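Scroll down for the structure; my scribbles are underneath it.
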6 protein chains.
Amino acid sequence: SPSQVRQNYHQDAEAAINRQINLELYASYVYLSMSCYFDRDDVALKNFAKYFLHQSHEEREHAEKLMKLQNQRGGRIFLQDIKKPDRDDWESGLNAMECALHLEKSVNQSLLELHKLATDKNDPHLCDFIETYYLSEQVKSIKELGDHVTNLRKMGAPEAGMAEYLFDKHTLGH
Amino acid sequence: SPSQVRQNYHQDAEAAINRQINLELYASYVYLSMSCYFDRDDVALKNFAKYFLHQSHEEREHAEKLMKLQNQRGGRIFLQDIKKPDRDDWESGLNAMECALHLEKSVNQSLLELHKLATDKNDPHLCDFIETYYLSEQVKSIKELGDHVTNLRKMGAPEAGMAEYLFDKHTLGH
Amino acid sequence: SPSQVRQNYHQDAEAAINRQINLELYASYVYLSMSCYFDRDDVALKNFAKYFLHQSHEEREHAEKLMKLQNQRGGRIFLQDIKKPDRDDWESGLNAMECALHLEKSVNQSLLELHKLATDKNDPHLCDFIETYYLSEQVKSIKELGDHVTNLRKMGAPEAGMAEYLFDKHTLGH
Amino acid sequence: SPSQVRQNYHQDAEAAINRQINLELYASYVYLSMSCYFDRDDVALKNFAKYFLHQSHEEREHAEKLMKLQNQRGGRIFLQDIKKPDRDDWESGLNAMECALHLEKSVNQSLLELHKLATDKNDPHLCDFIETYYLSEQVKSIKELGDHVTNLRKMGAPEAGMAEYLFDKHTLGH
Amino acid sequence: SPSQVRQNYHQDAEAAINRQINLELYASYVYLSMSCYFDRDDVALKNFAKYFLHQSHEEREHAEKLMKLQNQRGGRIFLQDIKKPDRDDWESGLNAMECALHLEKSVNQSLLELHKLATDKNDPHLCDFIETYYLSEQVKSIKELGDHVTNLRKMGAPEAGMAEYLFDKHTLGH
Amino acid sequence: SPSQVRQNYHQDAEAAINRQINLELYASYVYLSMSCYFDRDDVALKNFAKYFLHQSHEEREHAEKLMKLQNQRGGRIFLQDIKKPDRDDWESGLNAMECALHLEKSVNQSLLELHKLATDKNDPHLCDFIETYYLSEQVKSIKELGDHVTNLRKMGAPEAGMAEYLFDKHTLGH
Ligand SMILES: [Fe+3]
Ligand SMILES: [Fe+3]
Ligand SMILES: [Fe+3]
Ligand SMILES: [K+]
Ligand SMILES: [K+]
Ligand SMILES: [K+]
Ligand SMILES: [K+]
Ligand SMILES: [K+]
Ligand SMILES: [K+]
Ligand SMILES: [Mg+2]
Ligand SMILES: [Mg+2]
Ligand SMILES: [Mg+2]
Ligand SMILES: [Mg+2]
Ligand SMILES: [Mg+2]
Ligand SMILES: [Mg+2]
Ligand SMILES: [Mg+2]
Ligand SMILES: [Mg+2]
Ligand SMILES: [Mg+2]
């Protein structure tokens, strides 16, 4: 008994969209963990915390947009557990940026697999949705994170004590 | 003797674009018929008539955009008869919404076949045009019509006399 | 079983109004064909295309006003096929203007026959509607088209290459 | 090795705050599931979906405020899995409101246990935080949900088809 | 040793992007040559010169956007010589427009080959970038140039002395 | 067959102006290469990239002003290949600034030779043009680049990791 709006929407695509929803929610949760780490009194990097809180909210928005797509196409959303992040302690601004880069590249790889599936199922609307709202955003975010990692490494983080402080002020405070 | 601007524009794509122009014009004409049905003194649902008149004008705009694409790519527009709609009497707001949903899904299926043809002919500009201006609009319209059908059915239309009146006021009057 | 609003509205007038609706829709379609002809890369007269697109939209508005009259008087709208225009290629700005003049005079003749019928059936409201909204507009349009034809002919169109270019800039660009 | 800011902050309170963070995140996730249910084409109650999306965002904000408290007091945030909601299909607006009322009363009971623990540990700052930011908000939300449930039941939901439609327009659309 | 941001970016695509950068820079240089030709005291067509200077700056912007893409994806930009244009003397406004049309169609063919390569390498981000920022712009520019060529030819350029003067005033001066 | 506007404009000066046009275009291309180097994810100095992009655009403007002079005096512009820059990798902000200083001093030496030629040919208009639009600008740019080199060296660039980061923020970010 398919939805009255469903058209050219393969069941495999519906399942993959549900998986991507869970992945975006997990990414939001990871970014939230990082943000709270930098709010610690013994870390105390306010702009790192703000940066990762903003990333967390953006990932949640991505998840919600995918749910809207799922309903728009007549798919049915099936939520799963949002697993806790791998770490409680992210150990430095540089390490958190590197972990964020790894996470964003994993999310991008998932979106590329999703696009490959949509191409295989001849779903141009789903392909276009992924390209328009996800792929370019992912490439921009990956480039920005790589830039941050490069600058933190060059400045001497985490060993150079002033590196993360000044990067927090100059790059993330503006 | 091809057009001086023609490049990577297959004759099959040109023909399919002409067919799609006729289909959009036909859809506009169907929506016009519906709008006039709800303007009848014995139907008298002003916001249904306004909704379908707006849909008719939008379909005409879609047709004109396709003609602009045809000229932009060096194709030649060949117009055909615009067939009269299948019905003169659309019998209820719920029935007209259901017929509109059927029509929009048929138009979407035609656009998906058109996109498949453009992909087969390796015409990325035509593919991108269809995705950007037609596919997402079609999915949005299909979802909106499905929502209207669901609400009208739940409210008890057409048997429940106040259903279409109140839906006209609350959903289509805002 | 006549409409509850029907009064002094002869069946012959209702049928003639339906025929006039089809004629106005056909005129709109002819003007659309002309507009698209002047959008061709090998014709490329933007203001001719704009002029005829505006005429097409005006004719559609005339058709819709007639449908509103049909419902207002308790008549029932019966749509027919909108026949494709006689030509795909309109061959020049002067030729398109001459064809438009011929079309507008045919539409005017139909409206005059309609007014004669309304007078014969003693339908003063229908007579007044035709006079107020259609007859003066038709005479103005016929005079404007005749003026355009005269100017294009005097300038040397279509043989004089700059004639249609300069007429497009000066008369239709302002 | 306690935090340099830690003062009068019992380990039991820290653990209970972590549990409350997980509960608020779970509540946000439940509300998100409800919001997406009402976005379905076969449910199509836009203002119910908006109401529950707003509730989801508010619960996330509550979770984040608790994390800020945890860091402010020198506690350490330990995140856990966010369990998926008990249902995918919430079956009606009335049922979703009743489930939301049950959820909010469970969250309130958890906050009351948390306040009892803070009183037992003589932590007036934590007590005041719970009272100021959580208890009154919970009582207001519980009262609002009870009001919605009462009105939906009186209107005849879900059996009365127009009940949830009109409640969506009048109570949740303003 | 790939870039830390590189993902799903084939070496062939990187090389093709470098080639496209050189092609856009070359196109900018050709347009600059044309602009300077129309600034000559013995040609003296100011709006032709302005048109081609604007085209030159636009092509440079296209090149810079491609370089930004190359860095964003982790590719490495390798610049090559920018070859001088084929002509110093462009001989007339009509001839320059025809040469510009030929150049733009060659650039479009290169972008279509680039899109084919990206499709073959399953690089949806690169495909979408080409479609979004290059393909539609190319089709629009080709259509505009074809229109200019048609109008100049019809007006009698270059033999008709007033043709290019009046086209410079009316089409390129507005 | 000299130009109708040509007066007191030696052929040697015309040739030297053509050479200077090529040199300015080459300088613009070198600055573009530098700008793109600092946009790399593994360099990631945004304000260095902005500084050199601005320099590239300024050099292009200088080239265009020279072409305007060439036409104004009745000379004929003859474009040549724009050679690729000597390096793809500029290795550091300090090294790029030093290379830019070397380039600007070479351009200044060329302009001084050009002024010497114009003085020898008794061309006061060309002399005044070089003095007014080129010589003072060159001295200002050379002084600014020398200042940047001095500051980067004193700060410890490139060995001191924070040197180029902070110089990018403080000197080039304001
Ligand atoms: Fe500083
Ligand atoms: Fe009501
Ligand atoms: Fe004129
Ligand atoms: K730590
Ligand atoms: K009926
Ligand atoms: K023709
Ligand atoms: K249900
Ligand atoms: K010449
Ligand atoms: K390097
Ligand atoms: Mg995301
Ligand atoms: Mg696309
Ligand atoms: Mg349409
Ligand atoms: Mg008319
Ligand atoms: Mg709460
Ligand atoms: Mg108190
Ligand atoms: Mg270009
Ligand atoms: Mg210079
Ligand atoms: Mg002087």
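Chains: A, B, ... in order of the structure tokens. Residues: from 1 per chain. Ligands: from 1, in order shown.
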With a cut-off of 6 Å, could you pull out the residues of chain B touching chain D and give me the nearest pair of atoms for each, distance in Å to one decimal, using only C-alpha atoms, ordered by chain and ascending number, as a Markdown table?
```
| residue | atom | partner | partner_atom | distance |
| --- | --- | --- | --- | --- |
| B:146 | CA | D:41 | CA | 5.8 |
| B:147 | CA | D:41 | CA | 5.0 |
| B:150 | CA | D:42 | CA | 5.6 |
| B:154 | CA | D:161 | CA | 5.0 |
| B:155 | CA | D:161 | CA | 4.5 |
```
As a ChimeraX atom specification, please: every residue in stretch 22-104 of chain F that a backbone DSSP assignment puts in helix (DSSP H, G or I). /F:22-38,46-72,93-104
List all protein, DNA and RNA residues that have an atom no more than 12 Å from any atom of ligand 11, counting only C-alpha atoms and all ligand atoms, and report them as JSON, numbers by chain. {"A": [115, 119, 123, 124, 125, 126, 127, 128, 129, 130, 131, 132, 133, 135, 136], "B": [115, 119, 123, 124, 125, 126, 127, 128, 129, 130, 131, 132, 133, 135, 136], "E": [115, 119, 123, 124, 125, 126, 127, 128, 129, 130, 131, 132, 133, 135, 136]}
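Neighbours of residue D:114 closer than or equal to 8 Å, with only C-alpha atoms counted and sequence neighbours fewer than 6 positions away skipped, come out as residues 13, 16 and 17 of chain D.
Here atom CA of residue B:30 stands at a distance of 25.6 Å from atom CA of residue B:76.
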Residues within 10 Å of ligand 5 (only C-alpha atoms and all ligand atoms), as a ChimeraX atom specification? /B:37-38,40,42-43,88-93
With N, CA and C atoms retained, could you export that selection as a short mmCIF file (atom, residue, chain, number, x, y, z; two decimals), in the first residue's frame?
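What follows is the written file result_29.cif:
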```cif
data_model
loop_
_atom_site.label_atom_id
_atom_site.label_comp_id
_atom_site.auth_asym_id
_atom_site.auth_seq_id
_atom_site.Cartn_x
_atom_site.Cartn_y
_atom_site.Cartn_z
N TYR B 37 -15.14 25.53 -12.89
CA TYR B 37 -16.17 24.72 -12.25
C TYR B 37 -16.48 25.24 -10.86
N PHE B 38 -15.45 25.64 -10.12
CA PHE B 38 -15.71 26.09 -8.76
C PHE B 38 -16.23 27.52 -8.69
N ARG B 40 -18.90 28.22 -10.45
CA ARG B 40 -20.31 28.05 -10.74
C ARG B 40 -21.15 28.48 -9.54
N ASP B 42 -23.72 27.07 -8.47
CA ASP B 42 -24.16 25.89 -7.74
C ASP B 42 -23.00 25.11 -7.13
N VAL B 43 -21.79 25.65 -7.19
CA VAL B 43 -20.62 25.07 -6.52
C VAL B 43 -20.09 26.12 -5.56
N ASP B 88 -16.07 18.24 -17.97
CA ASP B 88 -16.60 19.58 -17.77
C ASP B 88 -17.01 19.81 -16.33
N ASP B 89 -17.50 18.77 -15.66
CA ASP B 89 -17.98 18.81 -14.29
C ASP B 89 -17.03 18.00 -13.42
N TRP B 90 -16.42 18.65 -12.44
CA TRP B 90 -15.41 18.01 -11.60
C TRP B 90 -15.98 17.48 -10.29
N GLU B 91 -17.27 17.70 -10.04
CA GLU B 91 -18.14 16.99 -9.11
C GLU B 91 -17.92 17.26 -7.62
N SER B 92 -16.76 17.77 -7.22
CA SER B 92 -16.52 18.12 -5.82
C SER B 92 -15.10 18.65 -5.70
N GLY B 93 -14.84 19.34 -4.59
CA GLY B 93 -13.48 19.78 -4.32
C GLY B 93 -12.53 18.62 -4.13
#
```
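With distances restricted to only C-alpha atoms and all ligand atoms, B:171 is the closest residue to ligand 2 from B:122, B:103, B:171, B:95.
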Show which residues sit within 10 Å of residue A:69, as a PyMOL selection string. Count only C-alpha atoms, and ignore same-chain residues fewer than 5 positions away. (chain A and resi 14+17+63-64+74-75+77+126+129) or (chain B and resi 139-140)
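Coordinates place atom CA of residue A:113 at a distance of 17.2 Å from atom CA of residue A:27.
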Please identify all protein, DNA and RNA residues within 10 Å of ligand 17, counting only C-alpha atoms and all ligand atoms, and report them as a ChimeraX atom specification. /F:20-21,23-28,55-63,65-66,103-104,107-108,111,133-135,137-138,141
I'd like the contact shell of residue F:94 - 7 Å cut-off, only C-alpha atoms, skipping same-chain residues fewer than 3 positions apart - returned as a JSON list (two decimals) with N, CA, C and O atoms, in the first residue's frame.
```
[["chain", "number", "residue", "atom", "x", "y", "z"],
["F", 97, "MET", "N", 56.13, 37.14, -0.50],
["F", 97, "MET", "CA", 56.35, 38.58, -0.42],
["F", 97, "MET", "C", 57.68, 38.97, -1.03],
["F", 97, "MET", "O", 57.78, 40.00, -1.72],
["F", 98, "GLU", "N", 58.73, 38.18, -0.79],
["F", 98, "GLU", "CA", 60.03, 38.50, -1.36],
["F", 98, "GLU", "C", 60.00, 38.39, -2.88],
["F", 98, "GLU", "O", 60.57, 39.23, -3.59],
["F", 149, "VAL", "N", 58.02, 42.37, 4.08],
["F", 149, "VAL", "CA", 59.14, 41.45, 4.19],
["F", 149, "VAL", "C", 59.87, 41.68, 5.51],
["F", 149, "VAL", "O", 60.22, 40.72, 6.21],
["F", 152, "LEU", "N", 57.69, 40.33, 8.44],
["F", 152, "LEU", "CA", 57.66, 38.87, 8.47],
["F", 152, "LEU", "C", 58.99, 38.31, 8.94],
["F", 152, "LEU", "O", 59.03, 37.38, 9.75],
["F", 157, "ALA", "N", 59.19, 34.53, 10.55],
["F", 157, "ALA", "CA", 58.68, 33.71, 9.47],
["F", 157, "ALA", "C", 59.83, 33.17, 8.62],
["F", 157, "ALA", "O", 60.87, 33.82, 8.48],
["F", 158, "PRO", "N", 59.67, 31.97, 8.04],
["F", 158, "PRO", "CA", 58.54, 31.05, 8.17],
["F", 158, "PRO", "C", 58.70, 30.07, 9.33],
["F", 158, "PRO", "O", 57.77, 29.33, 9.65]]
```
